[PDB]
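Trainee: Sharing a structure with you now.
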Amino acid sequence: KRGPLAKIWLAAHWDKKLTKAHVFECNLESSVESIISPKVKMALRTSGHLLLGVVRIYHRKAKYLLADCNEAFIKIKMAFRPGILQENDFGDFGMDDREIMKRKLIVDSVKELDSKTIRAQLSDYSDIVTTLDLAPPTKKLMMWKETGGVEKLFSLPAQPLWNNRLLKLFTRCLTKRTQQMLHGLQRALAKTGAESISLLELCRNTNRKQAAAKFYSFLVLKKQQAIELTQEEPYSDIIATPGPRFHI
Amino acid sequence: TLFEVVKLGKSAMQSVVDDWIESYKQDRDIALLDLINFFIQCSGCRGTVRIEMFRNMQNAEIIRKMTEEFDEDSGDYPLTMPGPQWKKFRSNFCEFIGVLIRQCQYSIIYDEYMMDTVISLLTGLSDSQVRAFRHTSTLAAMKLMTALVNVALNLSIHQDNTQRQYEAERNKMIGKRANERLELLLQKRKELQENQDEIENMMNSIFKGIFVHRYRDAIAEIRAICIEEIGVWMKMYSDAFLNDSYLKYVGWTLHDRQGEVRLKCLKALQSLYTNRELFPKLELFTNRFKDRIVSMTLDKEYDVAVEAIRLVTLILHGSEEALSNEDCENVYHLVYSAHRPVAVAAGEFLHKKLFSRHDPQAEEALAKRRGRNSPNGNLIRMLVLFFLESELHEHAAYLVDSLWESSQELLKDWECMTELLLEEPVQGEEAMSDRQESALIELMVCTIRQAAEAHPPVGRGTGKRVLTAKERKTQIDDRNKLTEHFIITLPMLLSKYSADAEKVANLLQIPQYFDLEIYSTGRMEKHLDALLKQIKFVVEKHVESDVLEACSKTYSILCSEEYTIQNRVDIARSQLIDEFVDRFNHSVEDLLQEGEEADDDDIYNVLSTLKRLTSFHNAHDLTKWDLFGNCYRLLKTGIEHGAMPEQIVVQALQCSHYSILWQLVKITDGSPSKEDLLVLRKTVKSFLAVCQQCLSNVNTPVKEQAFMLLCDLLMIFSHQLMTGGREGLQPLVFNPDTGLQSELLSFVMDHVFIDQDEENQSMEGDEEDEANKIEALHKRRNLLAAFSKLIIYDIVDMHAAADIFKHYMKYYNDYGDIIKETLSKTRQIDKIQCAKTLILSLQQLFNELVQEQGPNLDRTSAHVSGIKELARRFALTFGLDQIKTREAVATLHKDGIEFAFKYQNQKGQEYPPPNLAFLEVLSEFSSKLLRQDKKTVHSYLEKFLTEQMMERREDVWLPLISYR
């Protein structure tokens, strides 16, 4: 589009608009590589594209120079020594896709002419008539009229000068809910203080869903290492006692 | 502010028309008030109509009040103020009326409310004495009734459709619903009938209330606009307006005393012909006013003449009845009009009329050409006959120019009249007459020169010509076809017409327009050489100066070194001039000796050979054959003897001058020598002596030729020779001789400044023949122009030109242009010396008055009055126009004061100055142009005066009083 590197943009990206004129001599490769080496703000991928451009144009110079060497090869070798129905378908069965469904204002004392003026106009109208402007009959009248004038006659010789060079000589003289359950256990412990919380006691007067929620609450509180839960036989109530991170 | 909205750039006119329609449907009173206010402020009245004053009190007193309340700052009204903003204002005004009235034609226009008040107010204002109100109201009601005419046309079409459907139902009686449709169609037809009756009522009301009053109006533009638009209507609505009931106004208005009204009448009459034919009443009115139409063909205005010729052409399209043969010949003379559009219209009419040999003004296959070389012959034939009968011109230049664009295809068919000129066609016609031959050759000269150059001749010239691509390509291939055609035709053309001098002179102007490289491409240099031998035969067979000039010019055109053929043509040129050199030497070496006798045959041979040599030496450098020895020997024996023919001396002098100037050509070429420089100067000096002797010779054309040759010699050696960067030409420069200058002045005064038949130095010219007074007048103007050209370029003393400046009133019609231009140029060269020689001119005239009448001088005679008028136009020629504006005026005043007291009176008395009447001349130069230098000029004036001269105030010293 615009710029010394614009051709390299075309080479990297378009590559179709390139012609032989740009390929042969528009830029020196060794120049442009040292142009691009120290440039600031150079993104990695755009540098890769500029490498595409320079590699492409360098290889194109190699192909065109190979070509040049080829017509060199042709020019060096010369010397002079005087010394029915054939291909079809079976019917149309292969081809049968079928169709589907004081005052200064203007004051006029008289506004209409009388009939006397009208009758005079009808009777006589020769006062507004001319005849003709005849053209001059002869050619000499033209060569005096178009030479008629001191603006021309003082700038043309008395004798006609048929050569324009003589006219030049003439004119030469012209000038979070985790915390909620933790605090609920903090008040649950303080009511009894027997350091043993029963799971079944908390779910005495609740349904299945909130009981399961409480069970998972004890599970996740055990996960955070805030509480110690004991259960020994396969089926009994779970005994919960304060752990290290109980927060009292 | 509908006036301002319509005026100040309305985006869509139909939009505000629909806005007015919506406001009218909302309430009739407010929209009517807005429309009236729009019309009043369109009339230039700045007053504003109010609701109650519109509703209650009537329109006539409204007109009186707005006449009182016009509130002007100037007399202009919006129909005549400058242009742009107001021009588009007027266009928007007319379009607003038209669209507003036409859009309401379906339901609103039958309410019988707005049109009564609108018609009443517009009719009253059209009867109002104010020109602005009359014009604006006429235009407003005029567009109103035009729209009503359109509504009537639409109603007539609707009536035709409902009548057709009524008849269509009346064919088919089957169906009860069909009968109901029939009754609906009958009701619609009755509704359209009563609507048509209403439209006719307002039509008749507007017509008899406005148009009848205003076509008799004293304003030309109102009548012109009315007639133009009535022709527009009668073009578009010929159902009811195509009758004598409206043509009586047109017939009465055709005799108008104003050009624009008659122009609009002719436009209306053309609108009756354009673009449909035929009607019987149209032809009746055409036969009634054929005389008035041919009267308008010769009207003062060029536009009216053009429109009348176009109406005549329209009649020829339609009638071919009313026009007479004398009218036809009148238009044939109008073909020779100076004004090109009138002539071109007349020529188009002539082409339409008199060309029907095989063209029936219809389709092809028999109209352009019948496939043969014969049909178009008769068109050429009455072209030839028309040129023969048109004795108002010796040349068909204006006729061909008029017939150029109308007959473009016919005028390029050169081959047709080529066989009808040379090779006796198979048509069995008579012999091609010699007068007819010359007429056809002149026609060909005109047609092909207009084919090459497209500019019209002088008088028809414009100078504002631009070439389009189509124009230039037509020019180029036209040049190609004429070149290839006429390189073939000109050999046997000359072979048929070798002895005809004027026909050869006519035929050799075309080769100026031949592209010579086509010869290199066409390989027709052999035909070029054949024509060269043919024209060589003509040159050796003809002795006429004009045909030799034509041949020499033709050779110079074909001596174009930029083309390859230059060697090939230079062969023939060198051959022929070498023959003429040998013949000239053979004839001269026996003519110069007395012998026996010299007889008339040797004289004729010498004169003919020297004519040819001079003619071909003008345009061509032939100094390699130095015949200045023979020519100078002939000139010196003409000086010594003096008893031998004039024309030989004229040819010898001109040929020697041509040799001298051609030698002058090859010294500015950058290679000047010195020996040949002095040789050329000596030959020029000998030529100067010969020219001075010929100027002293008794023969007067020899005197004029010697004068112009001396003019050429002096301008060659003028002061401006040093302008073009030259150094070695200084030895060549030769100064004028004072005795020669006096001889030149005496010759100019005896042979130029003559306006009577008493001098007998000017040929008669009383009979209107080729030897008219105009030739002598133009020749004397040319000689005076050459003398003044020597004067203005620092060559000859211009105190001699003071005597030319003094003849500005005695020879105003003859040489006033030359005297005025010379005075202006000498003012531009040296204004101080120009004013000094101007007051010297006045002194010379005054001294001639002194000689003629004495010291009384007849101060009230026509001579003093003419001198004072010359002083007035000289004083207005000065002023603040150039450098040293008042210094030249002061010098002129000092010279006039010196001349006024130059001579002193011997008796009666000592203090009265002779030449005092020159102070009247100088008083025109004092006048009131200056003011500060007046004191200085009076101080200079009082040096020659005394107190006794101051105190006396009588008739003798009235010039002194008038000057002071």
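Ordered as shown in the structure tokens, chains take letters A, B, and onward, while each chain numbers its residues from 1 and ligands are numbered from 1 in the order shown.
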Identify every residue of chain A that has at least one atom within 9 Å of any atom of chain B, counting only C-alpha atoms, and report the result as number ranges by chain.

Mentor: A: 105-113, 118, 121-122, 125, 127-140, 142, 144-146, 148-151, 153-155, 157-159, 161-163, 165-166, 169-170, 172-175

Trainee: Report as a PyMOL selection string all protein, DNA and RNA residues lying within 12 Å of residue B:294, evaluated on only C-alpha atoms, omitting residues in the same chain fewer than 2 positions from it.

Mentor: (chain A and resi 129+131) or (chain B and resi 266+286-292+296-299+304-313+315+322-331+334)

Trainee: Mind checking which residues fall within 8 Å of residue B:344, counting only C-alpha atoms, ignoring those fewer than 5 positions away in the same chain, and posting them as a list in words?

Mentor: residues 335, 401, 402 and 403 of chain B

Trainee: Excluding residue B:568 and any residue of its chain fewer than 6 positions from it, enumerate the residues within 12 Å of it, using only C-alpha atoms, and give them as a list in words.

Mentor: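 Those residues are residues 519, 520, 525, 526, 527, 528, 529, 530, 532, 558, 559, 560, 561, 574 and 575 of chain B.
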
Trainee: Quick one: residues within 10 Å of residue B:734, only C-alpha atoms counted, chain neighbours fewer than 2 positions away excluded, as a ChimeraX atom specification?

Mentor: /B:681,684-685,713-714,716-719,730-732,736-737

Trainee: Within 7 Å of residue B:587, counting only C-alpha atoms, which residues show up once you throw out same-chain ones fewer than 2 positions away? Write them as a PyMOL selection string, please.

Mentor: chain B and resi 583-585+589-591+602+605-606

Trainee: Can you pull out every residue within 8 Å of residue A:24, counting only C-alpha atoms, but drop anything in the same chain fewer than 3 positions away, and send it as a PyMOL selection string?

Mentor: chain A and resi 20-21+61

Trainee: Atoms to include: N, CA, C and O atoms. Write the selected residues as a PDB file, in the first residue's frame.

Mentor:
ATOM      1  N   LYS A  20       7.742  -8.873 -12.144  1.00  0.00           N
ATOM      2  CA  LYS A  20       9.177  -9.016 -12.391  1.00  0.00           C
ATOM      3  C   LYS A  20       9.957  -7.725 -12.145  1.00  0.00           C
ATOM      4  O   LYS A  20      11.125  -7.778 -11.734  1.00  0.00           O
ATOM      5  N   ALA A  21       9.324  -6.565 -12.360  1.00  0.00           N
ATOM      6  CA  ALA A  21      10.000  -5.283 -12.165  1.00  0.00           C
ATOM      7  C   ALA A  21      10.428  -5.086 -10.716  1.00  0.00           C
ATOM      8  O   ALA A  21      11.561  -4.669 -10.444  1.00  0.00           O
ATOM      9  N   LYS A  61      14.639 -14.143  -6.774  1.00  0.00           N
ATOM     10  CA  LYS A  61      15.809 -13.673  -7.522  1.00  0.00           C
ATOM     11  C   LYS A  61      16.634 -14.850  -8.009  1.00  0.00           C
ATOM     12  O   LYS A  61      17.179 -14.810  -9.116  1.00  0.00           O
TER      13      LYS A  61
END

Trainee: Could you find all residues in stretch 70-137 of chain A that DSSP calls alpha helix (DSSP H) from the backbone, and write them as JSON, numbers by chain?

Mentor: {"A": [70, 71, 72, 73, 74, 75, 76, 115, 116, 117, 118, 119, 120, 121, 122, 123]}

Trainee: How many Å lie between atom CA of residue B:22 and atom CA of residue B:6, rounded to one decimal?

Mentor: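 Result for atom CA of residue B:22 versus atom CA of residue B:6: 16.7 Å, one decimal.
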
Trainee: Would you work out the distance separating atom CA of residue A:191 from atom CA of residue A:235, expressed in Å to one decimal?

Mentor: 26.7 Å

Trainee: Counting only C-alpha atoms, figure out which residue out of B:56, B:92, B:150, B:851 gets nearest to residue B:17.

Mentor: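 Among the listed residues, B:92 lies closest to residue B:17.
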
Trainee: Could you check how far atom CA of residue B:62 sits from atom CA of residue B:49, in Å to one decimal?

Mentor: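 For atom CA of residue B:62 relative to atom CA of residue B:49, the distance reads 8.9 Å.
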